[PDB]
There are 2 protein chains.
Amino acid sequence: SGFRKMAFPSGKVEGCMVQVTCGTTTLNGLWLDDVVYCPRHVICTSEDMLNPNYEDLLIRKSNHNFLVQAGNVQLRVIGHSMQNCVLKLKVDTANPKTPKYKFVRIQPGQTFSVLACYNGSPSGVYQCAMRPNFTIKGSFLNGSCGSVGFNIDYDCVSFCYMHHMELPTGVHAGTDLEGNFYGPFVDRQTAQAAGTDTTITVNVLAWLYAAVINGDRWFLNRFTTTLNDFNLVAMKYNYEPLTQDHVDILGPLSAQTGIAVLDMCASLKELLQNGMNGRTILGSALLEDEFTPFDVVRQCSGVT
Amino acid sequence: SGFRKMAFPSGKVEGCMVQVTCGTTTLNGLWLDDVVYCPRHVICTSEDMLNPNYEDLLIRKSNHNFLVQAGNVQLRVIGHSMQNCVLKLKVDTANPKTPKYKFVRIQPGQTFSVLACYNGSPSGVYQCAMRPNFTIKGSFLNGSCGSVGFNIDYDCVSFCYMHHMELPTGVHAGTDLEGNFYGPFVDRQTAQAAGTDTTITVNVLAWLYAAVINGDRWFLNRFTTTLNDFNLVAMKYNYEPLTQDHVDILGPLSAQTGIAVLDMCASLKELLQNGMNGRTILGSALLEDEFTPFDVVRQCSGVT
Ligand SMILES: O=C(Cc1cccnc1)Nc1cccc(O[C@H]2CC(=O)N2)c1
Ligand SMILES: O=C(Cc1cccnc1)Nc1cccc(O[C@H]2CC(=O)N2)c1
């Protein structure tokens, strides 16, 4: 027993982290096969970031202007191209450490691990969720651009995020591995603001199931509700509307615990309306929304 | 910016994880050089655990009775010995993936990463602290015994914990890599209880410094206090007494922020006496004690 914000083992991803330097700028790159993926703002100077024309800026860049280093060895860049907001640097050596990988665009609500990196070197790993407003609440400093978000299935790494920027509000914006930003964010140093951050209801429910499994049963009440009535209370508290798909995904958790999804919803409705009264759930004084129903089953069943 | 419970990259430790089977029992082992370290309760049956005589039980065990598997390859055990509560299985092949390592016994209050494992395979990584009562609040299921706690410095892994058991209260007990339990715990299926779990004051202070660095400044007040007055309030709330050593270790955080340690103590005294009033600090509705002052500087400076 015990419930922690667990991240996937990062070894398969550490093997891919490289340092990419363009002029004065150094950031991280992802080396899979003979391609190094990195944010395209590596070709920018601090003046360029205000209003950059990336096609024009890339025209003044040649293969030799991009310095790629993997540990202490320099990789020869034989080609370069721009795919949306990522640069793909073709290198002459394929990464011998390349794991089985997929490039995937995750949905908001879904979770993933981040391997924060500086100068192509990993500093730490933590679990994140793609917020409904398409930002992530990460831990990133200047120099962490190019750090990737990933999931692991058996031996296959699904890369879903590449860090590009921080908004003045302290939240982080980034792209999938095809260079497409999650949300309305543009890789320009212009005032951008994240919209309303809503709470991932299905994840809070999954974590309530995880608390019941672990012994925290105080919040369980003698009540039930309907999907429409629960959603009236979810609306007021900026919670994502619960759908029958969500109820379905909670099915294995509901089946294991023996608590109906709508019963857990009534318990959640009371937690929203009445607060926690100074008590805690899984050592947390607030309702946690960064565990998907898949994360809960995986952690409560030891899926390696 | 952003502050997360970050764990060290686990790649160097994944390379050491092996599966150790003795009779019907399977658990994890740590393969460093030609030695595999694992909990000695691997030689026990469910009946033996009630009151085991490990010397007598080991006398009926031979080199061939311990099955060690690293991935899909069986390792030949050429020697076996008991060091306190760990078995050291000498194998004929040295681990080619052995990183630079030290075996260290950490103090309560200190933090470390755990690579939870099942059948010699890593399932996830998370950050932990050694509680003042010598237990850890981990996430472990049956089959995770042998999972290790570690820290990383540059390229050197300092192994500090090996998971052995779970107490009926849901907390976890284990040993250093010399087989010595942290705390009064014995590897026997007998009713054991953890003592009072106090709050690591210096870590809560370090995390208040991390909140100030990150923009959360609401809790800052126009007051100060003395070490003895603060400790009167720490005592009432089961907080560890603050010493001049703690004030010293907080020195670089105090120097960076410009807030005196005793000033932060007055802010903490008010948080203890008045609560958080529904507000949050670093997205947490309670006072976090699992970040050391070293963890704070490392995360707020990008130490790879
Ligand atoms: O933020 C970083 C580096 C960094 C520092 C700290 C943490 N993570 C990333 N770069 C950057 C890149 C592209 C646009 C950009 O403009 C900002 C203004 C806005 O809203 N977005 C900034
Ligand atoms: O707990 C486990 C396996 C396990 C299961 C879930 C999570 N982590 C570990 N084994 C074990 C080993 C040695 C003594 C022992 O007795 C318990 C009674 C007590 O207080 N300690 C139990």
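Atoms within each ligand, like the ligands themselves, are counted from 1 in listed order. All chains are named by letter (A, B, ...) in the order of the sequence lines, taking the proteins before the strands, and each is independently numbered beginning at 1.
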Using only heavy-atom distances, determine whether the side chains of B/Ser1 and A/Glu166 contain a donor-acceptor pair under 3.5 Å. yes
Are A/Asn119 and A/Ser121 linked by a side-chain donor-acceptor pair shorter than 3.5 Å? no
At a non-hydrogen distance cut-off of under 4.0 Å, which region of A/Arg188 contacts ligand 1 (side chain, backbone, both, or neither)? backbone
How far is [atom] from the closest protein heavy atom, and which atom is that?
atom: atom 19 (C) of ligand 1; result: A/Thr190 O, 3.5 Å
atom: atom 11 (C) of ligand 1; result: A/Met165 CB, 3.6 Å
atom: atom 1 (O) of ligand 1; result: A/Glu166 N, 3.0 Å
atom: atom 9 (C) of ligand 1; result: A/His163 NE2, 3.2 Å

In this structure, which one of B/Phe150, B/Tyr161, B/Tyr37 forms a ring-ring contact (aromatic ring centres under 6.0 Å, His included) with B/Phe103? B/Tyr37
Give yes if a backbone or side-chain nitrogen or oxygen of A/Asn142 is under 3.5 Å from a nitrogen or oxygen of ligand 1, and no if not. no
Going by distance only, is there an N or O of A/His172 that falls short of 3.5 Å from an N or O of ligand 1? no
Enumerate the atoms of ligand 1 whose separation from the nearest heavy atom of A/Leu167 is less than 4.0 angstrom. 20 (O)
Which of the atoms in ligand 1, numbered in the order shown and given with their element, are less than 4.0 Å from a heavy-atom of A/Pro168? 20 (O)
Apply side-chain hydrogen bond (donor to acceptor under 3.5 Å, both in side chains) to the pair B/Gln127 and B/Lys5, showing each step before the final yes or no. CA-CA 6 Å; B/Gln127 194 74 8; B/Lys5 194 72 78 69; over 6 Å; no
To the nearest 0.5 angstrom, please state how far the OG1 atom of B/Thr26 sits from the CG atom of B/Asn142. 11.0 Å
Euclidean distance, A/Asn28 CG relative to A/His163 NE2, rounded to 0.5 Å: 10.0 Å
Nearest non-hydrogen atom to atom 14 (C) of ligand 2 belongs to which of B/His41, B/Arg40, B/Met49, B/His164? B/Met49
Kindly give the heavy-atom pair with the smallest separation between B/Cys44 and B/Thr25, and that separation in Å. O-OG1, 3.3 Å
What's the shortest heavy-atom distance between A/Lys137 and A/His172, and which atoms? C-ND1, 4.3 Å
Which ligand 2 atoms, with their elements, are less than 4.0 angstrom from a heavy-atom of B/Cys145? 3 (C), 9 (C)
